[PDB]
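Report on one structure; see the data block that follows.
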Ligand SMILES: OC[C@H]1O[C@H](O[C@H]2[C@@H](O)[C@H](O)[C@@H](CO)O[C@@H]2O)[C@@H](O)[C@@H](O)[C@@H]1O
Ligand SMILES: OC[C@H]1O[C@H](O)[C@@H](O)[C@@H](O)[C@@H]1O
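What follows is the structure in structure tokens.
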């Protein structure tokens, strides 16, 4: 009915025409640096699922420049090692995807360097495990930094030469995450952990439920299944997904459209504008593993129909075409944050989220 591959390329062309900076090999320097790594992930995954290699040259140029020691964190010594573990995690998983697309061991070596870098802030003395997100302060063990790390060690357990240690690290990380309390009573993941003032024990801080905190964990459990052939990991991922799928949990609208919790008040900041695309791409990873792990043709079809239903709503209601000029013949599509509301503007985080949903249906 619809060509998700064609609309994905048009969305990537719209991302490049309005937000790419050739002089810096980066999308929107006025936006967070880690979202540029998410945009790189979506472009690499587009090329992987579609078999195309249009943006290969552009993406290697981005890596070569962003590999260098960051001006705001020279102690990281480059290779995407930043002042925050989650920032490093986004780029590390992008290198895992580039290694899957090209097979170049160079990109896998970056993810290995990033794993050892992030492990430096894993402590068993607080919360019984987990790593911090604020490297400079060490005051928060949130969900995203531990979900990105868990998916990284689980991915290296399937690709790295010394994969046994990465499997043990991933198995012990999922054990800590499941026992941390971040997964609440409805199988949704709150934002992070809080520390008791007197006892020191950690507990769910009951902070907002973000869509991207229910996606990265799915890809981690998928990789944990590919490394162990244990369908128990998928069943855990299906429970988290099914909770997001249920309209009674507030994440799925009555029309069946994914809605971030800030969309109602129109207060989604620069970070939250990209959350939805991250979940969609990871949900496609979970659906692909579920359909292959069983013989039922209807396996994972609930997840495919959801991504399809969300695509048509974003197409019909959130799309906007770039105006071609007599000097600038750049064609492409632009998208806002609400996958069902109206198009009012378009920024790079919302554009990257739109690409993720199109790629999640290829
Ligand atoms: O006051 C700091 C600010 O950041 C922390 O939230 C981070 C992350 O855990 C959240 O998922 C996203 C959501 O926008 O923002 C940060 O990256 C928390 O300490 C949060 O309470 C706070 O607003
Ligand atoms: O309250 C839980 C959590 O919320 C804050 O936003 C963070 O900065 C942490 O320091 C704290 O532990």
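Numbering (the UniProt record's numbering), first residue to last: 78 to 439. Ideal Cβ positions, reconstructed from N, Cα and C, are used throughout, including at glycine.
Would you mind working out which of 337, 252 and 204 sits nearest residue 276, comparing C-alpha positions?
204
Kindly indicate which residue of 158, 340 and 127 has the alpha-carbon position closest to the one of residue 147.
158
Counting only the same chain and skipping the five closest in sequence on each side, list residues whose C-beta sits under 7 Å from that of residue 180.
In the same chain as residue 180, and ignoring 5 residues on each side of it, no C-beta atom comes closer than 7 Å to its own.
So is residue 404 buried or exposed if we call it buried at 16+ other beta carbons inside 10 Å?
exposed
Residue 216: beta carbon under 7 Å from a heavy atom of ligand 2?
yes
In chain order, what are the residue ranges of uninterrupted alpha helix (DSSP H) at least 4 long that sit wholly in the stretch 120 to 190?
133 to 143 and 162 to 179
Tell me whether residue 430 sits in a helix, a strand or coil according to DSSP, three-state version.
helix
Please classify residue 415 as buried or exposed, where buried requires at least 16 other C-beta atoms within 10 Å of its C-beta.
buried
Is the beta carbon of residue 269 within less than 7 Å of some heavy atom of ligand 2?
For residue 269, the shortest separation between its Cβ and any heavy atom of ligand 2 lies below 7 Å.
Quick check on the DSSP output: the beta strand (DSSP E) that includes residue 398 runs from which residue to which?
DSSP places residue 398 in the uninterrupted beta strand (DSSP E) bounded by 396 to 398.
For the stretch 296 to 304 against the stretch 225 to 241, are there 3 or more C-beta pairs whose distance is under 8 Å?
yes
If you drop the 5 nearest sequence neighbours on each side, which residues of the same chain put their C-beta closer than 7 Å to that of residue 149?
160
Check whether the stretch 80 to 95 and the stretch 117 to 128 touch, using three or more Cβ-Cβ pairs below 8 Å as the test.
yes
Between the Cα of residue 431 and the Cα atoms of 413, 439 and 420, which residue gives the shortest distance?
413
Determine the burial state of residue 318: buried for a count of at least 16 other Cβ atoms within 10 Å of its Cβ, exposed for fewer.
Buried is the call here.
Using C-beta distances below 6 Å, list every residue in its chain close to residue 315, excluding the 5 sequence neighbours before and after it, in chain order.
none
For residue 272, is the beta carbon positioned less than 7 Å from some heavy atom of ligand 2?
yes
I need the straight-line Cα distance from residue 375 to residue 368, nearest angstrom please.
8 Å
So does residue 349 have its beta carbon nearer than 7 Å to some heavy atom of ligand 1?
yes
Within its chain, find whatever has a CB closer than 8 Å to the CB of residue 106; leave out the 5 residues flanking it on each side and keep chain order.
98
Tell me where the alpha helix (DSSP H) around residue 271 begins and ends.
Where residue 271 is concerned, there is no enclosing alpha helix (DSSP H), although the beta strand (DSSP E) it sits in stretches over 270 to 272.
DSSP state of residue 225, grouped into three classes?
Assigned with DSSP and collapsed to three states, residue 225 falls in helix.
Whole angstroms is fine: what's the gap from residue 249's alpha carbon to residue 224's?
13 Å
Verify whether the separation of the beta carbon atoms of residue 178 and residue 118 is less than 8 Å.
no
Sorted by chain position, which residues of the same chain lie with C-beta nearer than 6 Å to residue 199's C-beta, five sequence neighbours on each side aside?
Result list for residue 199: 208, in chain order.
Is the Cβ-Cβ distance between residue 320 and residue 268 less than 8 Å?
No, the pair does not count as a contact, with Cβ atoms beyond the cut-off.
From residue 137 to residue 388, what does the alpha carbon distance come to, in whole angstroms?
29 Å
Checking the sheet assignment: what are the DSSP bridge partners for residue 110?
None, per the DSSP bridge assignment.
Straight-line CA distance for residue 18 to residue 274?
In the structure as shown, the chain begins at 78 and stops at 439. Residue 18 is therefore absent and cannot be evaluated.
Since residue 265 and residue 326 are thought to touch, with beta carbons under 8 Å apart, how far apart are those beta carbons, to the nearest angstrom?
6 Å
Which one of 371, 424 and 102 has the shortest CA to CA distance from residue 108?
424
If you check the beta carbons only, do residue 251 and residue 167 fall under 8 Å apart?
no
Of all the options 143, 210, 254 and 292, which has the alpha carbon lying nearest to the alpha carbon of residue 434?
292
Ordered along the chain, which non-local residues of its own chain (more than five positions away) have a Cβ less than 7 Å from that of residue 385?
438
By Cβ distance below 8 Å, which residues in the same chain neighbour residue 427 in space, the five residues on each side in sequence not counted?
350, 351, 412, 413 and 414
Hey, would you say the C-beta of residue 287 is under 7 Å away from at least one heavy atom of ligand 1?
Flag set: Cβ of residue 287 near ligand 1.
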